[PDB]
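**Q** The structure follows.
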Amino acid sequence: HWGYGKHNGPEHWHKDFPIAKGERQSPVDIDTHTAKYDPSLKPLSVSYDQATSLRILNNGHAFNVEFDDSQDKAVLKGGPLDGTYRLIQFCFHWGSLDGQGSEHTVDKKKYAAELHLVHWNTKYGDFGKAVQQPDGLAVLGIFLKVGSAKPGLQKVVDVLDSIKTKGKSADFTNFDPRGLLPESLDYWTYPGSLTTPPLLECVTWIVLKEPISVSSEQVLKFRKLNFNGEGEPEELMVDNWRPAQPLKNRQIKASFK
Ligand SMILES: NS(=O)(=O)c1ccccc1
Ligand SMILES: NS(=O)(=O)c1ccccc1
Ligand SMILES: [Zn+2]
């Protein structure tokens with residue numbers, strides 16, 4: 001099954017998930033000189049004061065922190081979105097080296113990592129119905145660069161010991177995802193897809209211009225995770241990112257001049 005290695009990596013995905021070669025795939029390179037400012041964009045609204053994290057999971061491809069999404073406790077709205085999108089999980093992608101790791105790129109620049117706060121459109125009732133819709137998900141993408149430590153990430157970094165291998169999960173309650181946001185909400189937006197199989201084209205992407213800084217030590221601990229299960233041969237979870245895909249017939253809009 002799919003992964004990131006030479007034999008089951010992003011160039012193989014299309015054989016089991018033909019939409020890999022589709023019309024609105026993610027990630028993409030964000031050409032900052034081609035992105036247009038869009039005055040029709042309403043202000044973005046991230047309302048996470050009531051977020052309830054539950055658990056953290058190594059799924060063999062990344063780790064995810066999952067949230068209770070049985071009510072309107074953590075929601076994204078505004079910007080390009082119509083309606084209310086509920087936070088369900090965040091996932092991270094990172095590199096083997098500080099010069100690579102992000103899925104999206106900005107004028108071909110790769111960041112050390114990328115965070116996705118994944119939200120589903122409450123008009124579709126559940127996450128699994130939402131992914132079957134062209135406007136079913138809204139994902140907030142945040143770049144990580146290596147520099148100063150991010151205090152608000154350390155609780156994540158510290159629990160990774162307990163979820164080293166594929167299929168391990170741990171309790172992860174009372175984690176405040178607001179601690180992972182940069183100061184500015186200036187963003188670029190375009191229509192795209194999940195960046196892992198099944199690669200469904202159900203995402204409004206909202207990619208923040210301002211990266212967060214994390215320390216070398218923080219990102220180093222990401223790189224100690226394993227893709228393999230417990231008692232299998234150790235394969236470090238690194239370079240779990242898909243490269244940029246053709247833009248095709250899409251425009252990236254900017255929220256800012
Ligand atoms: N990556 S994929 O098309 O799902 C795949 C499945 C099995 C073996 C190799 C690759
Ligand atoms: N990594 S992503 O596009 O945000 C994604 C979100 C949910 C399921 C699978 C992938
Ligand atoms: Zn992701």
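Letters A, B, ... go to the chains of the structure tokens in the order shown; residues in each chain start at 1; ligands are counted from 1 in the same order.
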Just want the residues within 7 Å of ligand 3, written as a list in words, counting only C-alpha atoms and all ligand atoms.
**A**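 Answer in the requested format: residues 90, 91, 92, 93, 115, 116 and 195 of chain A.
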**Q** Do you know which residues are within 9 Å of ligand 1 using only C-alpha atoms and all ligand atoms? Can you write them as a PyMOL selection string?
**A** chain A and resi 1-4+7-18+197
**Q** Show me which residues are within 10 Å of ligand 2 counting only C-alpha atoms and all ligand atoms, and format the list as number ranges by chain.
**A** A: 25-27, 61-62, 64, 88-93, 103, 114-120, 127, 131, 137-141, 192-203, 205, 240-242
**Q** Range 108-235 of chain A: which residues are strand (DSSP E or B) by DSSP, as a ChimeraX atom specification?
**A** /A:109,113-121,137-146,169-171,187-192,203-208,212-214,226
**Q** Atoms to include: N, CA and C atoms. Write the selected residues as a short mmCIF file (atom, residue, chain, number, x, y, z; two decimals), in the first residue's frame.
**A**
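File again21.cif, as written:
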```cif
data_model
loop_
_atom_site.label_atom_id
_atom_site.label_comp_id
_atom_site.auth_asym_id
_atom_site.auth_seq_id
_atom_site.Cartn_x
_atom_site.Cartn_y
_atom_site.Cartn_z
N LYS A 109 10.18 27.69 -3.04
CA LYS A 109 10.81 27.48 -1.74
C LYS A 109 10.10 26.36 -0.90
N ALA A 113 8.69 22.08 7.25
CA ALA A 113 7.56 21.24 7.56
C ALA A 113 6.26 21.98 7.23
N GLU A 114 5.13 21.28 7.33
CA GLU A 114 3.84 21.89 7.05
C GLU A 114 2.77 21.23 7.94
N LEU A 115 1.95 22.08 8.53
CA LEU A 115 0.85 21.67 9.44
C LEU A 115 -0.46 21.90 8.71
N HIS A 116 -1.43 20.98 8.86
CA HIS A 116 -2.71 21.13 8.25
C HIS A 116 -3.75 20.99 9.32
N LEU A 117 -4.57 22.02 9.48
CA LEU A 117 -5.69 21.98 10.43
C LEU A 117 -6.90 21.71 9.51
N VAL A 118 -7.47 20.55 9.69
CA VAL A 118 -8.41 20.01 8.70
C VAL A 118 -9.82 20.20 9.25
N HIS A 119 -10.74 20.76 8.43
CA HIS A 119 -12.08 21.10 8.91
C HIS A 119 -13.11 20.60 7.91
N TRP A 120 -14.26 20.10 8.39
CA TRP A 120 -15.31 19.68 7.42
C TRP A 120 -16.55 20.56 7.51
N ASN A 121 -17.18 20.74 6.35
CA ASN A 121 -18.35 21.59 6.14
C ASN A 121 -19.55 20.94 6.87
N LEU A 137 -14.33 20.17 2.54
CA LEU A 137 -13.29 20.43 3.56
C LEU A 137 -12.67 21.80 3.39
N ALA A 138 -12.16 22.36 4.51
CA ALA A 138 -11.34 23.56 4.43
C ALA A 138 -10.09 23.23 5.23
N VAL A 139 -8.93 23.41 4.63
CA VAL A 139 -7.70 23.11 5.35
C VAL A 139 -6.87 24.31 5.45
N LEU A 140 -6.49 24.60 6.68
CA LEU A 140 -5.57 25.72 6.95
C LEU A 140 -4.16 25.19 6.97
N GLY A 141 -3.31 25.64 6.06
CA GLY A 141 -1.91 25.10 5.94
C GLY A 141 -0.95 26.13 6.53
N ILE A 142 -0.02 25.66 7.34
CA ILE A 142 0.91 26.56 8.02
C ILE A 142 2.29 25.99 7.84
N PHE A 143 3.19 26.85 7.40
CA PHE A 143 4.59 26.46 7.13
C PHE A 143 5.37 26.55 8.43
N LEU A 144 6.32 25.64 8.62
CA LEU A 144 7.29 25.70 9.70
C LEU A 144 8.69 25.92 9.16
N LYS A 145 9.39 26.89 9.75
CA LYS A 145 10.79 27.11 9.44
C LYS A 145 11.58 26.87 10.72
N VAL A 146 12.85 26.54 10.55
CA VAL A 146 13.67 26.21 11.74
C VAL A 146 14.34 27.47 12.22
N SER A 169 -1.25 5.09 19.55
CA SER A 169 -2.01 6.33 19.87
C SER A 169 -1.82 6.58 21.33
N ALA A 170 -2.04 7.83 21.74
CA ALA A 170 -1.97 8.23 23.13
C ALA A 170 -3.06 9.28 23.41
N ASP A 171 -3.51 9.30 24.65
CA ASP A 171 -4.28 10.46 25.10
C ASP A 171 -3.68 11.83 24.84
N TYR A 187 -3.32 35.14 3.88
CA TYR A 187 -3.29 33.80 3.31
C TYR A 187 -3.42 33.85 1.80
N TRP A 188 -3.08 32.72 1.16
CA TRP A 188 -3.47 32.42 -0.21
C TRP A 188 -4.53 31.30 -0.23
N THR A 189 -5.47 31.36 -1.16
CA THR A 189 -6.50 30.32 -1.24
C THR A 189 -6.69 29.79 -2.68
N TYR A 190 -6.89 28.47 -2.78
CA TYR A 190 -7.18 27.87 -4.06
C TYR A 190 -7.94 26.54 -3.84
N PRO A 191 -8.62 26.02 -4.90
CA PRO A 191 -9.34 24.76 -4.72
C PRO A 191 -8.44 23.57 -5.04
N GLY A 192 -8.47 22.54 -4.21
CA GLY A 192 -7.50 21.44 -4.40
C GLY A 192 -7.99 20.20 -3.72
N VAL A 203 -11.22 19.95 -1.21
CA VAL A 203 -10.60 20.90 -0.26
C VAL A 203 -10.58 22.34 -0.80
N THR A 204 -11.06 23.29 0.02
CA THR A 204 -10.66 24.66 -0.11
C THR A 204 -9.38 24.84 0.73
N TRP A 205 -8.26 25.14 0.07
CA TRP A 205 -6.99 25.30 0.78
C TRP A 205 -6.84 26.75 1.17
N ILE A 206 -6.41 26.97 2.43
CA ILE A 206 -6.22 28.36 2.95
C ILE A 206 -4.77 28.28 3.53
N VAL A 207 -3.81 28.79 2.77
CA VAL A 207 -2.42 28.59 3.14
C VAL A 207 -1.87 29.93 3.69
N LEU A 208 -1.43 29.94 4.96
CA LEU A 208 -0.95 31.16 5.61
C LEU A 208 0.41 31.58 5.09
N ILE A 212 5.42 29.61 10.97
CA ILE A 212 5.83 29.59 12.38
C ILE A 212 7.28 29.12 12.46
N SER A 213 8.01 29.56 13.48
CA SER A 213 9.38 29.06 13.69
C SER A 213 9.32 27.97 14.75
N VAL A 214 10.05 26.88 14.52
CA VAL A 214 10.19 25.76 15.47
C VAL A 214 11.66 25.54 15.64
N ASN A 226 8.55 6.53 13.48
CA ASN A 226 8.79 5.45 12.51
C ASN A 226 7.55 5.30 11.62
#
```
**Q** For residue 41 in chain A, which residue out of A:250, A:77, A:209, A:164 is the nearest one, using only C-alpha atoms?
**A**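 Closest candidate: A:77.
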**Q** Could you give me, as a tab-separated table, every range 98-164 of chain A residue with an atom at most 12 Å from range 52-58 of chain A, plus its closest atom pair and distance in Å to one decimal, counting only C-alpha atoms, rows ordered by chain then number?
**A**
```
residue	atom	partner	partner_atom	distance
A:155	CA	A:56	CA	11.1
A:156	CA	A:56	CA	8.5
A:157	CA	A:56	CA	11.1
A:158	CA	A:56	CA	11.6
A:159	CA	A:56	CA	8.3
A:160	CA	A:56	CA	8.6
A:161	CA	A:58	CA	10.8
A:162	CA	A:58	CA	9.6
A:163	CA	A:58	CA	5.9
A:164	CA	A:58	CA	7.1
```
**Q** Separation of CA of residue 104 in chain A and CA of residue 132 in chain A, in Å?
**A**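 Separation of CA of residue 104 in chain A and CA of residue 132 in chain A: 22.8 Å.
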**Q** Which one is closest to residue 66 in chain A: A:177, A:231, A:182, A:78? Count only C-alpha atoms.
**A**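 Answer, going by the shortest atom-to-atom distance: A:177.
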**Q** Record the distance separating CA of residue 222 in chain A and CA of residue 48 in chain A, expressed in Å with one decimal.
**A**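 So the two atoms, CA of residue 222 in chain A and CA of residue 48 in chain A, lie 24.5 Å apart.
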**Q** I need the helix (DSSP H, G or I) residues of range 151-244 of chain A per DSSP on the backbone, written as a list in words.
**A** residues 151, 152, 153, 154, 155, 156, 157, 158, 159, 160, 161, 162, 163, 177, 178, 179, 180, 216, 217, 218, 219, 220, 221 and 222 of chain A
**Q** Measuring between only C-alpha atoms, which one of A:125, A:152, A:5, A:147 shows the shortest distance to residue 112 in chain A?
**A**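 Nearest to residue 112 in chain A: A:147.
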**Q** Provide the CA of residue 149 in chain A to CA of residue 173 in chain A distance in Å, to one decimal place.
**A**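 Separation between CA of residue 149 in chain A and CA of residue 173 in chain A: 22.0 Å.
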**Q** I'd like the contact shell of residue 225 in chain A - 7 Å cut-off, only C-alpha atoms, skipping same-chain residues fewer than 4 positions apart - returned as a PDB file with N, CA and C atoms, in the first residue's frame.
**A**
```
ATOM      1  N   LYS A 164       5.754   5.990  18.837  1.00  0.00           N
ATOM      2  CA  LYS A 164       6.855   5.888  17.915  1.00  0.00           C
ATOM      3  C   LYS A 164       6.480   5.179  16.603  1.00  0.00           C
ATOM      4  N   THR A 165       5.647   4.125  16.676  1.00  0.00           N
ATOM      5  CA  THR A 165       5.489   3.258  15.540  1.00  0.00           C
ATOM      6  C   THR A 165       4.020   3.233  15.111  1.00  0.00           C
ATOM      7  N   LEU A 236      12.708   5.381   9.483  1.00  0.00           N
ATOM      8  CA  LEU A 236      12.397   6.701  10.026  1.00  0.00           C
ATOM      9  C   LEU A 236      11.271   7.371   9.211  1.00  0.00           C
ATOM     10  N   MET A 237      10.285   7.939   9.921  1.00  0.00           N
ATOM     11  CA  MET A 237       9.197   8.748   9.262  1.00  0.00           C
ATOM     12  C   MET A 237       9.837  10.097   8.990  1.00  0.00           C
TER      13      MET A 237
END
```
**Q** Quick one: everything within 8 Å of residue 74 in chain A, counting only C-alpha atoms, minus sequence neighbours fewer than 6 positions away in the same chain. Send it as a list in words.
**A** residues 46, 47, 48, 49, 50, 51, 52, 86 and 87 of chain A
